[PDB]
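The listed protein sequences correspond, in order, to chains E, G, B and A.
Letter by letter, the first sequence follows residues -6 to 459 of the deposited numbering.
Letter by letter, the second sequence follows residues 230 to 284 of the deposited numbering.
Letter by letter, the third sequence follows residues 221 to 294 of the deposited numbering.
Letter by letter, the fourth sequence follows residues 221 to 294 of the deposited numbering.
Here a beta-carbon is modelled for each residue, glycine too, at the ideal position from N, C-alpha and C.
A short write-up of the structure that comes next.
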Amino acid sequence: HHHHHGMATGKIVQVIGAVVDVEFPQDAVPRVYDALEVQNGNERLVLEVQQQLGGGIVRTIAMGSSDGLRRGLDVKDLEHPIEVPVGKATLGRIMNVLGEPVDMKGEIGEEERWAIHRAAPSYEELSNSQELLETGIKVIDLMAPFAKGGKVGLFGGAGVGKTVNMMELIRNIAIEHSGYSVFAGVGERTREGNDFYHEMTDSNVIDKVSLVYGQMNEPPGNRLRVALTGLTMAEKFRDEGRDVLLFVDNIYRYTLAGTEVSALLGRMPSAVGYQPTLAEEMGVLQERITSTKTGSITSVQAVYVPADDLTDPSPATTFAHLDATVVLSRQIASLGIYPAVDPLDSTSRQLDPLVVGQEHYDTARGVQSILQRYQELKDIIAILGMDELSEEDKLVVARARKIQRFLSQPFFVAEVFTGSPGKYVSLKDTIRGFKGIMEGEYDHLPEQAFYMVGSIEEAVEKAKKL
Amino acid sequence: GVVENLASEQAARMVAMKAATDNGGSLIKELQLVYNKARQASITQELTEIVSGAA
Amino acid sequence: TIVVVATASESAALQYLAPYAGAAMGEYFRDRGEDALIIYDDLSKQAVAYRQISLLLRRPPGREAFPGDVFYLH
Amino acid sequence: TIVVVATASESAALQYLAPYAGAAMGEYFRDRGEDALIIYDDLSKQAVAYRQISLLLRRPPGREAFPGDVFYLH
């Protein structure tokens, strides 16, 4: 943090574990965010914010390990905190929390160094335009819109193969745009990680994006700290005037880490033992994301879902915090469909109305009705024979199973398994195909073509194939 | 006519079954709220008591 | 008419304190003897805001971290 | 193979480290590249152990009087 010569000593005052009581010169001390390092045997050690205490002594902490203490102790005080050397070279390259090129080191040269502590508000700064993010997602995006730089909530889970979703995003970023983003896991089963690295090789696209990962092998001070990192890092690219979105890890892991800190803080926890200020942290987090005037920062997150307590202050947060909703359904996929996502149960206030545009909200708004009907219908059938059913019911059943089927779609990235080249979706195209479809336009065609198919023109070609 | 009365009986009861069944789930959701207020509560007295044990 | 700027980052100084802050304004017209109107809500924020305050107070809160300041506050 | 000895009388010291105690071992084999497994139970006295200790330690308790060290511990 310092432009560093000297930086002095202090002594080590009172130490229980991470609790760092130590004392600097009587004259002055750097900020709590500001920080200092001391070579302890093998290595230097830097402890986190001291908070305010006396005699040049004040209270501090570190993610690293505390063994081998010494009463008298001397730390060279770093000054301008947190300066960190990111560079665009990072993409596809991995470092530790320290930027330590954690993996087989890519050796990762970096010309940028900046504190992650950087605020990122500015009044009136970002553009007033309110652009939507265009995903080319046959249902995710079509079924629901996406806003540029927008926050996105995640429902789905194990067995979702969310990475499939991610890879879809990979082809989606490059394919869609030059803009490229990276996310990082923290507090997580390692195997998943390495497998995902291999999966990056298989993906092969890993270059565009890279991250240190927390893996939950680690001490919290690190953990809770990690956020500011990514903040600064993307802050390269949105700072690059580039624009992007990164995935995010279990928050409850994060905020909860907040409490463990607060007990650590010795401070009175919030209620239900939250971090007494934990909201404030959320201020940091949610407050962080923005689509700048010159950049866009979107993201999605999956937080540890705690018993599905809606009473959850954390759920309060999410619900409060969330700008968008993911849903994925093992029953839904369990229809067999590639698309596990809950087709019902998707809402983005963003995607909603007219003024979100009408006709889209028309084929859309009724598409809801179709949903309802397939509910009632798919529902009611097993009860008894369908003979009584009005034709309209029947026809609905076809347009139903086949509309469903019609959703399923190929993916480029999917190729590695199957060679499926997939395609980038098109809104005019989509609204077209669906709208006509809704009318039962071209009612004659075979249902089987529609599942995992191409465009109404292309599936129309499959009618030729048919 | 006896018979019509009969099969009709079988079906009519059959229909009742569904609805009667369905109603309770709501109550169950309410109860869910009850263990919600309650989960809240144990969390609460426990919490107040936790401060209390901090003392 | 006008209204005042209030953001997530805003500190319980500004935050807990603020709606309270804005009050005296109407004393222009109201104190000019003129009717004047204002909307505010989400005051709940002010509560744990002011409660985080109370952690500072280190005073024991009540239910939901609450003091009676509400009344006073209210 | 060898099993640990763990007794009801066992001083809480041994108790609390006792699995963590256990850890160093297989690092022989695995670190020898040799392969191994071990049983784990819910010892779970450990919390009143390390913890009731922490009361002795005067330490602040976490939930169920027990700090997040479990995670840490785990």
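Under 7 Å Cβ to Cβ from residue i, same chain only, skipping five residues before and after it: list those, please.
i	result
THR318 of chain E	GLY146, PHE148, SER339, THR340, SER341
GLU228 of chain E	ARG111, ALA113
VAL6 of chain E	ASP14, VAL15, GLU16, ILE50
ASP302 of chain E	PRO308
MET261 of chain E	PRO269
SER255 of chain E	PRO262, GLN268, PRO269
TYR248 of chain B	none
Need the endpoints of the beta strand (DSSP E) that residue i sits in, please.
i	result
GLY146 of chain E	144 to 146
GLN7 of chain E	4 to 9
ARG37 of chain E	36 to 40
Between residue i and residue j, how many whole angstroms is the CB-CB distance? I'm expecting something under 8 Å.
i	j	result
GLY129 of chain E	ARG323 of chain E	No, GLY129 of chain E and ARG323 of chain E are not in contact; Cβ-Cβ is about 25 Å, not under 8 Å.
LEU84 of chain E	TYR173 of chain E	6 Å
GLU72 of chain E	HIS(-6) of chain E	5 Å
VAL320 of chain E	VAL298 of chain E	Rounded, the Cβ-Cβ distance is 12 Å, inconsistent with contact.
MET159 of chain E	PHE240 of chain E	7 Å
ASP134 of chain E	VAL418 of chain E	7 Å
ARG281 of chain E	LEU224 of chain E	5 Å
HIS314 of chain E	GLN279 of chain E	5 Å
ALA220 of chain E	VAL175 of chain E	Actually they are not in contact, since the Cβ atoms of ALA220 of chain E and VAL175 of chain E sit about 14 Å apart, beyond 8 Å.
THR356 of chain E	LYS421 of chain E	Going by Cβ atoms, the distance from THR356 of chain E to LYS421 of chain E rounds to 12 Å, so no, they are not a contact pair.
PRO280 of chain A	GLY259 of chain E	6 Å
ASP20 of chain E	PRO74 of chain E	About 19 Å separates the two Cβ atoms, so there is no contact after all.
With DSSP as the reference, please indicate the residues paired to residue i in a beta bridge.
i	result
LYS131 of chain E	Per DSSP, none; premise fails for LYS131 of chain E.
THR53 of chain E	E:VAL13
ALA140 of chain E	E:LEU125
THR291 of chain E	E:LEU238
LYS69 of chain E	E:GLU30
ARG283 of chain A	A:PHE286
Using a Cβ-Cβ cut-off of 8 Å, state whether residue i counts as contacting chain C.
i	result
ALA267 of chain B	Among the protein chains in the structure shown, which are E, G, B and A, there is no chain C.
Tell me which residue opens and which closes the alpha helix (DSSP H) that residue i is part of.
i	result
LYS155 of chain E	155 to 169
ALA270 of chain G	231 to 283
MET245 of chain A	232 to 246
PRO308 of chain E	306 to 314
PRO269 of chain E	Premise fails: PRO269 of chain E is in no alpha helix (DSSP H) and is neither H nor E.
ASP355 of chain E	353 to 374
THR221 of chain A	Where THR221 of chain A is concerned, there is no enclosing alpha helix (DSSP H), given that its DSSP letter is neither H nor E.
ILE273 of chain B	264 to 277
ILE325 of chain E	323 to 326
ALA227 of chain E	213 to 230
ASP386 of chain E	384 to 400
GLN208 of chain E	First-last for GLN208 of chain E: undefined, no H or E at that position.
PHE189 of chain E	183 to 196
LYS457 of chain E	449 to 458
Mind checking whether residue i and residue j have CB atoms under 8 Å apart?
i	j	result
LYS201 of chain E	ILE163 of chain E	yes
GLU36 of chain E	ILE54 of chain E	no
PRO213 of chain E	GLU253 of chain E	yes
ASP236 of chain E	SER289 of chain E	yes
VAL446 of chain E	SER413 of chain E	no
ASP316 of chain E	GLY99 of chain E	no
residue 462 of chain E	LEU271 of chain E	Because chain E here runs from -6 to 459, residue 462 of chain E falls outside it and cannot be looked at.
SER59 of chain E	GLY10 of chain E	yes
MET0 of chain E	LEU29 of chain E	yes
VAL157 of chain E	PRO336 of chain E	no
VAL205 of chain E	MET97 of chain E	no
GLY246 of chain B	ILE258 of chain B	yes
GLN266 of chain B	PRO239 of chain B	yes
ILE273 of chain B	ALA232 of chain B	yes
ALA82 of chain E	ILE109 of chain E	no
residue 460 of chain E	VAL12 of chain E	What is shown of chain E runs -6 to 459, which leaves residue 460 of chain E out entirely.
residue 460 of chain E	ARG283 of chain A	Outside the displayed span of chain E (-6 to 459) sits residue 460 of chain E, for which this structure offers no information.
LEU344 of chain E	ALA137 of chain E	yes
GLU440 of chain E	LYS371 of chain E	no
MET56 of chain E	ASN210 of chain E	no
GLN44 of chain E	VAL22 of chain E	no
Who are the near neighbours of residue i in its chain, counting only those whose CB is closer than 8 Å to its CB and skipping five residues on each side?
i	result
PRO78 of chain E	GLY92, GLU103, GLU104, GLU105, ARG106
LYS247 of chain G	none
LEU293 of chain B	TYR240, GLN266, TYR270
With a threshold of 7 Å, establish whether the CB of residue i neighbours any heavy atom of the ligand MN.
i	result
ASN89 of chain E	Judged by which ligands are present, the structure shown has none, so any question about the ligand MN falls away.
Please list, in chain order, all residues of the same chain as residue i whose beta carbon is under 6 Å from its beta carbon, the five residues on each side excluded.
i	result
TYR245 of chain E	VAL296, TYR297, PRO299, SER307
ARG86 of chain E	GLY99, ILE101, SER203
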